[PDB]
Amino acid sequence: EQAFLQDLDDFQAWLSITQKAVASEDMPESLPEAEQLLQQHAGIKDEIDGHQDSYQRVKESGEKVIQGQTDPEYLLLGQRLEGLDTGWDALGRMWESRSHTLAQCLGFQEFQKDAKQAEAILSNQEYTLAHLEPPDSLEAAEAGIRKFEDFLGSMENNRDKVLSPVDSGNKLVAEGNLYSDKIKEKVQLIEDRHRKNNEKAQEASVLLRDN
């Protein structure tokens, strides 16, 4: 009564250790962290699939071992095997659930990074659109117009960087991501500033041309 027990002891311990790791409530707070946890979770899956076969052998053998036995040792071993089946199923579900949550966390972190980039682009656009300098001379007049044209060119260049988080955000919300509240709010503010900047830039274009 050694090889079987050792393996049971071993698997149960591995199970206990893996359930704990998966039971973690640690939520990513950065995109690199989010990628880290995903990697670790992926590794845990490999360990789980790697233990499946041995789990089955222990399960099936456990039944034969206790079968027909009446000594306390076997009755206790029998209860222990019930635990194993439970913990094994519990682990599977815990993993799936944990995997599900980290994916959402990766999605939100990515969005957060892109959303912050768009906010910066937008703040800068707002700064430029905030004040127009009256030409002190012909040289200044040419410079103003030209500088603004390049500005308009950059608005067009960053267009994708601004709209990107809007599309990724809405999609996250559409998938029912757990951060939806924060995401909805940030997506709206971006959309609104993007809309206002464009309108304000169109008016400015006219101003610089007719004055």
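Note that residue numbering begins at 1 and tracks the sequence as displayed.
Two stretches are in play, 24 to 32 and 55 to 63, and the higher mean C-alpha B-factor belongs to 24 to 32. Here 70 to 78 and 120 to 128 are compared by their mean Cα B-factor, and 70 to 78 comes out higher. Among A143, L163, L37, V173, the highest C-alpha B-factor recorded in the PDB entry belongs to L37.
When all modelled residues of the chain are sorted by CA temperature factor, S137 is found within the highest third. Placement of the Cα temperature factor of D10 within the chain: lowest third of the modelled residues, per the deposited record. Among all modelled residues in its chain, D150 ranks in the middle third by Cα B-factor. In the deposited entry, the Cα temperature factor of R195 sits in the top third of values across the chain's modelled residues.
Among all modelled residues in this chain, the alpha-carbon of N158 has a temperature factor (C-alpha) in the highest third.
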